[PDB]
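Starting off, we have a lone chain in the form solved without 5-methoxy-1,3-benzothiazol-2-amine, written out as structure tokens.
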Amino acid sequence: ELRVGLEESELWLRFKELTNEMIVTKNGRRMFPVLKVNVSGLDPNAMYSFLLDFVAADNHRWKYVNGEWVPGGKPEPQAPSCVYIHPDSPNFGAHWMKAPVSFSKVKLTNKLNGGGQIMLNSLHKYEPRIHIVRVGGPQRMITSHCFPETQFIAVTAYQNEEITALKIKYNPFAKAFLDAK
């Protein structure tokens, strides 16, 4: 049937172990790693749209204390619900199935910025969630799919240097800093 698997899920888990962190900024920040998924079991000729949002992973604020993540408290008023529609939407199942669906251009921010942006609240842990929707009649239908490997804490600066190291290692745009010699 409909199956949706995470591409490069293992890079996500490598980050998860160390407690993953995603920078947000005022102008909005791209994710690394990028969320990419494989889809199967769609109707090749049906029309679907893909949506992405972020759900709170627990109720505590967090803080980094001497090389370790520890909870804080007082979860600031939950962030406004935002969503990002994949720019290829709407499109045929064939298109969504022919190659991994990658959310490379979504931008995460800490301000009520608009235009394909998701506002997160800093020092909170969030989980990406992907949705598939089909408008029709009997085939009317929305799925949601979570990937615990991709949980992360929003931050305005990296805190675990080991995370920064992995970011620099794999994100091509930080390749200039990977001059590790």
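Don't overthink the numbering: it's just position in the shown sequence, from 1. By rigid core we mean the largest C-alpha set that fits within 1.5 Å across both forms. Only residues modelled in both forms are compared.
Omitted here: the form solved in complex with 5-methoxy-1,3-benzothiazol-2-amine. The next part is about that form.
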Report open or blocked for the site once 5-methoxy-1,3-benzothiazol-2-amine, placed as found in the bound PDB entry, has been superimposed by the C-alphas surrounding the pocket (blocked: 3 or more ligand atoms within 2.4 Å of a backbone or C-beta atom; open: none). blocked
According to a 4.5 angstroms non-hydrogen atom cut-off, is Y126 in contact with 5-methoxy-1,3-benzothiazol-2-amine in the bound PDB entry? yes
Listed by sequence position, which residues of 77 to 116 have a non-hydrogen atom within 4.5 angstroms of 5-methoxy-1,3-benzothiazol-2-amine in the bound PDB entry? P77, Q78, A79, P80, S81
Once you align the rigid core, which of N27, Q139, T156, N45 turns out to move its Cα at least 2 Å between the shown form and the other one? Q139
Please check if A79 moves between the shown form and the other one, taking a CA shift of 2 Å or more relative to the superposed core as movement. yes
Are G73 and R29 closer or farther apart at the Cα level in the bound PDB entry than shown, by 3 Å or more? farther
Closer or farther apart in the bound PDB entry, the C-alpha atoms of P75 and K26, for a change of 3 Å or more? farther
Mobile segments between the shown form and the other one [3+ consecutive residues, each C-alpha shifted 2 angstroms or more, core superposed]: 73 to 81, 135 to 140
